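Here the structure comes first, spelled out in structure tokens, and everything after it is commentary.
There are 2 protein chains.
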Amino acid sequence: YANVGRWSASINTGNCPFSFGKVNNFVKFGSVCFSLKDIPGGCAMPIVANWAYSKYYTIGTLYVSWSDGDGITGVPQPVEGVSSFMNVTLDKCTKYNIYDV
Amino acid sequence: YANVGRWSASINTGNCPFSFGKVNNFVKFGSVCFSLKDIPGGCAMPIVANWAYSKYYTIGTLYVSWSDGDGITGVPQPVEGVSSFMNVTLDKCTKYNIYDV
Ligand SMILES: *[C@@H]1O[C@H](CO)[C@@H](O)[C@H](O)[C@H]1NC(C)=O
Ligand SMILES: *[C@@H]1O[C@H](CO)[C@@H](O)[C@H](O)[C@H]1NC(C)=O
Numbered sequence: 077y078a079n080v081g082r083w084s085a086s087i088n089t090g091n092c093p094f095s096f097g098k099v100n101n102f103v104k105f106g107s108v109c110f111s112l113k114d115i116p117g118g119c120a121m122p123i124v125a126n127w128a129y130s131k132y133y134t135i136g137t138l139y140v141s142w143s144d145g146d147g148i149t150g151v152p153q154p155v156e157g158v159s160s161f162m163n164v165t166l167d168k169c170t171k172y173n174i175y176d177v
Numbered sequence: 077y078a079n080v081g082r083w084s085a086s087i088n089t090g091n092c093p094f095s096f097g098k099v100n101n102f103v104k105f106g107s108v109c110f111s112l113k114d115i116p117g118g119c120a121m122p123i124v125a126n127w128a129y130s131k132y133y134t135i136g137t138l139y140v141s142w143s144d145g146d147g148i149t150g151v152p153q154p155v156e157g158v159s160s161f162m163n164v165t166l167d168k169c170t171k172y173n174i175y176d177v
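Residue numbers (this note's numbering), protein chains in the order written: chain P, 77 to 177; chain H, 77 to 177.
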């Protein structure tokens, strides 16, 4: 969509213990699955359009379901192969995600 | 199923204030109902298969719904008729469920 007039749209957390987008920050799961048709035990994130922050419509929702644990990690950008990078900024104040801390 | 390879499966509490199996411990309801198709206001317990505790699949879910109150009790084993047993172990430390305490 275009930002025509005072229209806006977004995902919202809805009732999940994470947000769409924010799961790119090294959030971990034993298994995670998404749908545009409802899925059992899963939380739902409303795809909300609104006009002027004054009228709001759930133009759809995203249904998301997961196991806690790990083996699945959400990440900022692409990765390849067996070899894995370590990226570190020495001696400068830094925001870090080190061995899932 | 057989425990072939590292496969396992279970019910989990999901989002319920009880577990399947554990409701056999004298848990009480005004009404309770179960389904394999979704039911309104009810919590859902995921029927999870997993491999090696490392990949997990909701092979189904159990949907469960209830009223609080009583007249329905979950119990360990069968019962019959109008007459009801009292089973007590005097003078030895014991785990008890006495008049729903
Ligand atoms: C480390 O992260 C920064 C963030 O932009 C990126 O520019 C850089 O390419 C990364 N280094 C490696 C080795 O991936
Ligand atoms: C009392 O509970 C024990 C637990 O195993 C059982 O073996 C016994 O038969 C019970 N007694 C009665 C009267 O049901």
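Virtual Cβ for every residue (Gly too), placed ideally from N, Cα, C.
CA-CA distance, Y77/P and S84/P?
Residue mapping note: residue 77/P aligns to position 1 of the first sequence, counting from 1. Residue mapping note: residue 84/P aligns to position 8 of the first sequence, counting from 1. Approximately 9 Å between the Cα atoms of the pair.
Among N163/P, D167/P and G157/P, whose alpha-carbon lies nearest the alpha-carbon of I174/P?
Position 98 of the first sequence, counted from the first residue, corresponds to residue 174/P. Closest in C-alpha terms to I174/P, from the list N163/P, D167/P and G157/P, comes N163/P.
Please name the residue, chosen from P93/P, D146/P and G117/P, that lies closest to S130/H on a Cα-to-Cα basis.
For the purposes of this step, residue 130/H is identified with residue 54 of the second sequence, where counting begins at 1. Checked all of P93/P, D146/P and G117/P; the closest Cα to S130/H is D146/P.
Tell me whether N163/H counts as near ligand 2, meaning its Cβ is closer than 8 Å to at least one heavy atom of that ligand.
Taking the second sequence and counting its residues from 1, one reaches residue 163/H at position 87. Answer for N163/H: yes, Cβ within range of ligand 2.
Put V164/H into one of helix, strand or coil per three-state DSSP.
Start at 1 with the first residue of the second sequence, and residue 164/H comes out as number 88. Of the three classes helix, strand and coil, the one that applies to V164/H here is coil, per DSSP.
Determine, using beta carbons only, whether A120/H comes closer than 9 Å to chain P.
Position 44 of the second sequence, counted from the first residue, corresponds to residue 120/H. True, the Cβ-Cβ gap to chain P drops below 9 Å.
Given a threshold of 16 other Cβ atoms within 10 Å of its Cβ, counted over all protein chains shown, does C169/P qualify as buried or as exposed?
The residue you call residue 169/P lines up with position 93 of the first sequence. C169/P should be labelled exposed.
Would you report the Cα separation of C92/P and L138/P, rounded to the nearest angstrom?
Here the question's residue 92/P lines up with position 16 in the first sequence. Here the question's residue 138/P lines up with position 62 in the first sequence. Cα to Cα, the separation comes out at about 11 Å.
Whether or not the region 154 to 163 of chain H and the region 112 to 119 of chain H are in contact is what I'm after, with contact meaning three or more pairs of Cβ atoms, one per stretch, closer than 8 Å; do they touch?
Segments in contact, no.
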